[PDB]
Structures are given as structure tokens and as C-alpha cells.
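Report on the following structure.
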Amino acid sequence: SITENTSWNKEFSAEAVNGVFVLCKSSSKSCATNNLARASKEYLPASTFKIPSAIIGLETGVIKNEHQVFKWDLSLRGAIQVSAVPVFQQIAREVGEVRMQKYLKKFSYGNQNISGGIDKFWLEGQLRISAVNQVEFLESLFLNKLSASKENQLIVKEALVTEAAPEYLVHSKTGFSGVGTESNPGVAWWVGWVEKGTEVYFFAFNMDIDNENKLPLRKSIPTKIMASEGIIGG
Amino acid sequence: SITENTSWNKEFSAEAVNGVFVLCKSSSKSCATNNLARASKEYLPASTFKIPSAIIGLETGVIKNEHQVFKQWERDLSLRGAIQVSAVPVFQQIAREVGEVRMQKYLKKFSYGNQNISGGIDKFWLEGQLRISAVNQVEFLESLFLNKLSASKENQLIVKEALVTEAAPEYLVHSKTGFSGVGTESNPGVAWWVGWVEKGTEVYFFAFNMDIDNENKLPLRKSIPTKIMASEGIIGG
Ligand SMILES: *C(=O)[C@H]([C@@H](C)O)[C@H]1CC(SCCNC=N)=C(C(=O)O)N1
Ligand SMILES: *C(=O)[C@H]([C@@H](C)O)[C@H]1CC(SCCNC=N)=C(C(=O)O)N1
């Protein structure tokens, strides 16, 4: 029962941005968004796919453990933060089609369509996922409810930490498919969750982008909205 | 074999502080300190004991899991919240439920300092006879980092996560402060800052302690080691 919040539209209007922001408190049953419609629309996950991929990589053994080093050398958190294109293409290849499919089914990940090439389906393949689905997936991860060891889920959760403050911890992941065209604009993402006190907020944001100079709005807009809600005040 | 960096003492002299800093790269086999004599000297762990206490509490089931919540009425605290503030009673309760025997066994497995928990199961680390050196702190944190402690990998990961205090694109700082109090003329209190930095594919373990007889100096337990590590290029100034 996701409710809409017209107030948050102001932040998009201020920048002339077409996109959506989904923010949920405590669980995926209490969400709000500036565009209930786009909230359920499915888009290429791009780099946000690094989250389920890292979990699957660990679960299948492709990634030895939390201390696994990757030659472009990068740590798991380092590889998650940068493009590190070769790293995750290699992880995907090692996992393979059959195992990848099995896990996305277990994870209920978007349309679960990995067609387009084992080492690129999330960047230029048929995979698509919505902001609402991203939140449901991140919630399962937070609760250690994904079909993977709690050990591996915890490893990825710490690898996703991007901001630390005395009162909260922000876990997040960016994503960007590429400029594209007006008849088919690219999509930029920012998803994650904030642990503030004993409370938790899950969020998913995506926006049409036709110029890379608009990329910073992908983080600024959601940060402003969450800052107002007194969640991070960044 | 720990080496002694004389230049580090200038950071202590600048604030007229008596203390020690132990910093190691990759492992405890590559450590440096401003004073070999004090690096091995055991001191009251104070709040730094919350680290093994948290692991033991989780390993014994006393602490349900990572989502365990703890208790003018102040709202409940998360594991991370409880670790960062005083919340001494929270950990006193944990210690009581763990019990003398189990605590003793775990500190033995953890090779935690002098392993002397006598004189009150709920306060041996705050005023008891328990003592641990900066080098021992590093060894302990190293074991935690490698998941080599006698506890589930899961629980070690939960505690390591709860210890995150600074996040930058290039590094993650895990740390824990400590403060026994101001003590007295003949015996001042001790202040600590221990933890480790994951920078890229490298890891740096650190343990700092200083004598302190006035809370006015507390900020120094973080600033002195931060200056030293910042100078070494490990973390931002
Ligand atoms: C993930 O969605 C993309 C890419 C791997 O497809 C990465 C790269 C970028 S922006 C490009 C700059 N690369 C550095 N030289 C992002 C992003 O979303 O900002 N994620
Ligand atoms: C842990 O060792 C101490 C205490 C429980 O003994 C706690 C409380 C503090 S500082 C208390 C207020 N000081 C004011 N300037 C710390 C700490 O060292 O940060 N941990």
C-alpha cells in the first residue's frame, strides 16, 4: 500500500528532473513516493545489480570471502564503488547462466530476464527492475531473508556502507545505464537503506538522464528529501 | 618485532600527554610504536571491553542477533548505539547473564589481557583487576578482523559492522573509545582509542592509550592517533 507524496515532487521540479523516489520506514509495507506510477516501472538495473551479484558471487564461492581481492587491486567494497567493469563481468561469467538464473528467481529480482549475455545482461541485456522491487530486495537483505548464508549477506551489507555518523549508517549503491536518447533516455539509480538508531529506512531512486552533468542530482535529490525527513540531514 | 618510531612522541609532547600508540600494517608482525615499554603495559580496558563483551554476548545468545534492541525517558539503543555511548548498565546486564564461568572461558579463548575478572562480574573491566596492553588489543582486533576468534563468523561480522565510525570512498574506519575516569593523584585514569582501518586492499590496526586526570583532555585520545595516521597517509586529516 504505497502512498504518494506530492511534496517531494518539488525537489524534482526544482531541477526539471523526471524520476521517482521511494522511501519506506521500518518495512516495505510503509512506503511513499513522488510518482506512484514510475515507482513500479521496471528499468535496467545497471550497477545496482552489483548487490545481488556480490551475494551470488560469495554464495557460489566465486568470491572466496570478505577479504577477496580483485585485479582490475581492489577490495570487495572498492570493486562495488567504482565502475570495475571487468570485475563484475568476470564474477557473472564465473557464476554462469544456470546459477545466476536460479538466484534471481530465489531473490525475486525484477523481471528475472538475464537474456543478452552472461557478463552484460544487467548493463545492456533484458533485465529490468522497479524502484519498489529494489526496496523489497534490500529489505530482505537487511533482514537476512535472502536465500544465501547470513555470513554472505552481512559481508555485502558492510561493503555497501557509504556514510557513517554517530546516529546512523547509510548503505547505498549508484547505477547509470548511459545517456541514451530522448526517444529512450538512460536511467540513473541510487538505492539503499539507512540504519538510524533502532529505525531503518529503505530507499530507491531513479531518473531519466540525457547528459552526464545531471548525474550528481541522482544523489543530491534523494539526500535533500531524506535530510528534510530528518533521517540523515546530509 | 615491534619497532619504535621516535618522531611520534612529538605528537604526545605537543599536548604534554603521557601515552602510547601502536600502529600495524597488514598484521601484528609489522607494528610500530612511540614507546616499546608502554606498548606492552597492561591497563584497565574500560569501554573497549565492549568489543569482546558484544561478541561473547552474541555467541552465548544473550544478545539475540544484530537487530537486538537495548534499553525523561531515553529511547532504546541499537547494538551500534549501545556501543558508542556509555550505556554501562546495558553491558553490565550482558556480563551478568553471561556469568563468571563463561566469561572466564571466553577471555581465555580470546587471550584477552591478564584474564583477571575477579571482584564483580558486572564491573571487572571498569574497576576490577582486568588489564590489557595496546599490543594485546591489536592482536585481539587482528583475530577479529580475520574471523579467527572462538565465535561464529556471523557474530564477528556483526560486531565489526557495529564498530564502523568513519566511511570514505577509499576506507572504512572501525574504532572504539575507552575512558576509566580521572583517577587520583597517585593513579590517574586511562583513555583509549582502538580499532583498524580498511583502506583499499590494505588494513592497519591501531591501539592508543594515555593517562588522563581531567576530562578536558579526552579529545586527545582521538586527535593524537588521527594526526599520526593522517601523517602516515592512512586516513583523512
Ligand atoms: C553502473 O551502473 C555504471 C557502469 C558500470 O555501467 C557505473 C559507472 C558510473 S558513471 C561512469 C564513470 N566511470 C568512471 N570512470 C556509475 C554511476 O552510476 O555513477 N556506475
Ligand atoms: C568507557 O570506558 C567509558 C565509561 C563507561 O567508563 C565510556 C563513557 C566515555 S566519556 C564519558 C563522558 N566524558 C566527558 N567528557 C567513553 C569514551 O571514552 O568515549 N566511554
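Note on naming: chains are A, B, ... as they come in the C-alpha cells, residues start from 1 per chain, ligands start from 1 in the order shown.
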
Applying 6 Å and only C-alpha atoms, which residues near region 5-7 of chain B remain after dropping the ones on its own chain fewer than 2 positions away? List them as a compact mmCIF listing (two decimals) with N, CA and C atoms, in the first residue's frame.
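Produced file result22.txt, reproduced below:
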```
# COMPACT_ATOMS: atom_id res chain seq x y z
N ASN B 9 56.49 10.57 19.18
CA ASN B 9 56.48 11.17 20.51
C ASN B 9 56.27 12.68 20.47
N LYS B 10 56.56 13.30 19.33
CA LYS B 10 56.38 14.74 19.21
C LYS B 10 54.90 15.10 19.30
N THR B 33 55.61 1.74 17.24
CA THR B 33 55.09 2.44 18.40
C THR B 33 56.05 3.54 18.85
N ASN B 34 55.53 4.50 19.61
CA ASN B 34 56.36 5.60 20.11
C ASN B 34 57.10 5.17 21.38
```

Inset, instruction - Write out as a PyMOL selection string which residues come within 10 Å of residue 215 (chain A) when counting only C-alpha atoms, dropping same-chain ones fewer than 3 positions away. - result: chain A and resi 175-176+187-189+207-212+218-220

Inset, instruction - Work out how far CA of residue 94 (chain B) is from CA of residue 156 (chain A), in Å to one decimal. - result: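 Calculated distance between CA of residue 156 (chain A) and CA of residue 94 (chain B) is 28.3 Å.
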
Inset, instruction - Could you pull out the residues sitting within 9 Å of ligand 2, using only C-alpha atoms and all ligand atoms, and write them as a PyMOL selection string? - result: chain B and resi 44-50+83-89+125-127+176-181+190-193+214-219+221

Legend entry - Among the residues B:31, B:103, B:173, B:24, the one that comes closest to chain A [using only C-alpha atoms]: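 Of B:31, B:103, B:173, B:24, the one nearest chain A is B:173, counting only C-alpha atoms.
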
Legend entry - Those of region 62-193 of chain B in DSSP strand (DSSP E or B), formatted as a list in words: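 Selecting the strand (DSSP E or B) positions of region 62-193 of chain B gives residues 70, 77, 132, 164, 165, 166, 167, 171, 172, 173, 174, 175, 176, 177, 178, 179, 183, 188, 189, 190, 191, 192 and 193 of chain B.
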
Emit the selected residues as a PDB file, in the first residue's frame, including N, CA, C and O atoms.
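Everything below was put into out-v8.pdb:
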```pdb
ATOM      1  N   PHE B  70      18.340  -2.517  22.822  1.00  0.00           N
ATOM      2  CA  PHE B  70      18.620  -2.416  24.250  1.00  0.00           C
ATOM      3  C   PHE B  70      17.928  -1.225  24.908  1.00  0.00           C
ATOM      4  O   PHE B  70      17.585  -0.246  24.245  1.00  0.00           O
ATOM      5  N   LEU B  77      18.342   1.681  22.350  1.00  0.00           N
ATOM      6  CA  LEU B  77      19.560   1.789  21.545  1.00  0.00           C
ATOM      7  C   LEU B  77      19.825   0.531  20.730  1.00  0.00           C
ATOM      8  O   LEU B  77      19.494  -0.574  21.154  1.00  0.00           O
ATOM      9  N   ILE B 132      44.820  -5.055  30.011  1.00  0.00           N
ATOM     10  CA  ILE B 132      45.219  -5.453  28.664  1.00  0.00           C
ATOM     11  C   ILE B 132      46.105  -4.364  28.072  1.00  0.00           C
ATOM     12  O   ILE B 132      45.859  -3.174  28.279  1.00  0.00           O
ATOM     13  N   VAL B 164      31.860   0.435  12.945  1.00  0.00           N
ATOM     14  CA  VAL B 164      32.176   1.414  11.901  1.00  0.00           C
ATOM     15  C   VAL B 164      31.930   2.836  12.427  1.00  0.00           C
ATOM     16  O   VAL B 164      30.839   3.154  12.917  1.00  0.00           O
ATOM     17  N   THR B 165      32.944   3.690  12.351  1.00  0.00           N
ATOM     18  CA  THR B 165      32.777   5.056  12.825  1.00  0.00           C
ATOM     19  C   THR B 165      33.036   6.106  11.757  1.00  0.00           C
ATOM     20  O   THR B 165      32.589   7.246  11.892  1.00  0.00           O
ATOM     21  N   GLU B 166      33.769   5.745  10.709  1.00  0.00           N
ATOM     22  CA  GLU B 166      34.004   6.689   9.615  1.00  0.00           C
ATOM     23  C   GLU B 166      34.035   5.952   8.290  1.00  0.00           C
ATOM     24  O   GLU B 166      34.681   4.913   8.164  1.00  0.00           O
ATOM     25  N   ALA B 167      33.331   6.497   7.304  1.00  0.00           N
ATOM     26  CA  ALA B 167      33.283   5.908   5.977  1.00  0.00           C
ATOM     27  C   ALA B 167      33.711   6.931   4.930  1.00  0.00           C
ATOM     28  O   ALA B 167      33.211   8.051   4.900  1.00  0.00           O
ATOM     29  N   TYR B 171      38.281   4.282   2.322  1.00  0.00           N
ATOM     30  CA  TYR B 171      38.484   3.490   3.533  1.00  0.00           C
ATOM     31  C   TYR B 171      37.311   3.409   4.495  1.00  0.00           C
ATOM     32  O   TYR B 171      36.368   4.199   4.442  1.00  0.00           O
ATOM     33  N   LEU B 172      37.404   2.438   5.394  1.00  0.00           N
ATOM     34  CA  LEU B 172      36.396   2.224   6.411  1.00  0.00           C
ATOM     35  C   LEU B 172      37.135   2.154   7.742  1.00  0.00           C
ATOM     36  O   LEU B 172      38.059   1.349   7.905  1.00  0.00           O
ATOM     37  N   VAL B 173      36.751   3.009   8.686  1.00  0.00           N
ATOM     38  CA  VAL B 173      37.386   3.000   9.998  1.00  0.00           C
ATOM     39  C   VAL B 173      36.472   2.328  11.020  1.00  0.00           C
ATOM     40  O   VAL B 173      35.287   2.670  11.120  1.00  0.00           O
ATOM     41  N   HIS B 174      37.023   1.356  11.746  1.00  0.00           N
ATOM     42  CA  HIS B 174      36.308   0.643  12.806  1.00  0.00           C
ATOM     43  C   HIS B 174      37.056   1.052  14.063  1.00  0.00           C
ATOM     44  O   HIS B 174      38.268   0.882  14.127  1.00  0.00           O
ATOM     45  N   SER B 175      36.360   1.598  15.054  1.00  0.00           N
ATOM     46  CA  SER B 175      37.049   2.027  16.264  1.00  0.00           C
ATOM     47  C   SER B 175      36.187   1.982  17.513  1.00  0.00           C
ATOM     48  O   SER B 175      34.959   1.908  17.439  1.00  0.00           O
ATOM     49  N   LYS B 176      36.852   2.047  18.662  1.00  0.00           N
ATOM     50  CA  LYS B 176      36.169   2.019  19.941  1.00  0.00           C
ATOM     51  C   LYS B 176      36.929   2.882  20.956  1.00  0.00           C
ATOM     52  O   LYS B 176      38.141   2.738  21.129  1.00  0.00           O
ATOM     53  N   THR B 177      36.219   3.786  21.616  1.00  0.00           N
ATOM     54  CA  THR B 177      36.844   4.639  22.620  1.00  0.00           C
ATOM     55  C   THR B 177      36.755   3.983  23.994  1.00  0.00           C
ATOM     56  O   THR B 177      35.999   3.028  24.189  1.00  0.00           O
ATOM     57  N   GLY B 178      37.530   4.510  24.939  1.00  0.00           N
ATOM     58  CA  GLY B 178      37.529   3.994  26.296  1.00  0.00           C
ATOM     59  C   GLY B 178      37.954   5.093  27.256  1.00  0.00           C
ATOM     60  O   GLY B 178      38.755   5.951  26.894  1.00  0.00           O
ATOM     61  N   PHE B 179      37.423   5.073  28.477  1.00  0.00           N
ATOM     62  CA  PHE B 179      37.751   6.093  29.477  1.00  0.00           C
ATOM     63  C   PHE B 179      37.409   5.583  30.874  1.00  0.00           C
ATOM     64  O   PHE B 179      36.244   5.457  31.226  1.00  0.00           O
ATOM     65  N   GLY B 183      40.642   9.241  37.818  1.00  0.00           N
ATOM     66  CA  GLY B 183      41.507   8.657  38.827  1.00  0.00           C
ATOM     67  C   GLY B 183      41.895   9.612  39.943  1.00  0.00           C
ATOM     68  O   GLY B 183      41.097  10.459  40.346  1.00  0.00           O
ATOM     69  N   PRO B 188      46.261   8.141  37.983  1.00  0.00           N
ATOM     70  CA  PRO B 188      45.300   8.755  37.059  1.00  0.00           C
ATOM     71  C   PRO B 188      44.520   7.709  36.274  1.00  0.00           C
ATOM     72  O   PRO B 188      44.844   6.522  36.309  1.00  0.00           O
ATOM     73  N   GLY B 189      43.484   8.156  35.575  1.00  0.00           N
ATOM     74  CA  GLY B 189      42.696   7.235  34.779  1.00  0.00           C
ATOM     75  C   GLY B 189      43.382   6.990  33.450  1.00  0.00           C
ATOM     76  O   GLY B 189      44.433   7.576  33.166  1.00  0.00           O
ATOM     77  N   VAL B 190      42.792   6.122  32.633  1.00  0.00           N
ATOM     78  CA  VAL B 190      43.346   5.812  31.321  1.00  0.00           C
ATOM     79  C   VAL B 190      42.279   6.065  30.252  1.00  0.00           C
ATOM     80  O   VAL B 190      41.088   5.832  30.484  1.00  0.00           O
ATOM     81  N   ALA B 191      42.698   6.582  29.098  1.00  0.00           N
ATOM     82  CA  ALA B 191      41.782   6.843  27.989  1.00  0.00           C
ATOM     83  C   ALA B 191      42.300   6.023  26.806  1.00  0.00           C
ATOM     84  O   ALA B 191      43.510   5.913  26.621  1.00  0.00           O
ATOM     85  N   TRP B 192      41.391   5.436  26.028  1.00  0.00           N
ATOM     86  CA  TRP B 192      41.770   4.603  24.882  1.00  0.00           C
ATOM     87  C   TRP B 192      41.059   4.969  23.589  1.00  0.00           C
ATOM     88  O   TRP B 192      40.011   5.606  23.596  1.00  0.00           O
ATOM     89  N   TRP B 193      41.655   4.514  22.487  1.00  0.00           N
ATOM     90  CA  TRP B 193      41.049   4.576  21.159  1.00  0.00           C
ATOM     91  C   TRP B 193      41.729   3.427  20.438  1.00  0.00           C
ATOM     92  O   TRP B 193      42.949   3.446  20.229  1.00  0.00           O
TER      93      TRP B 193
END
```
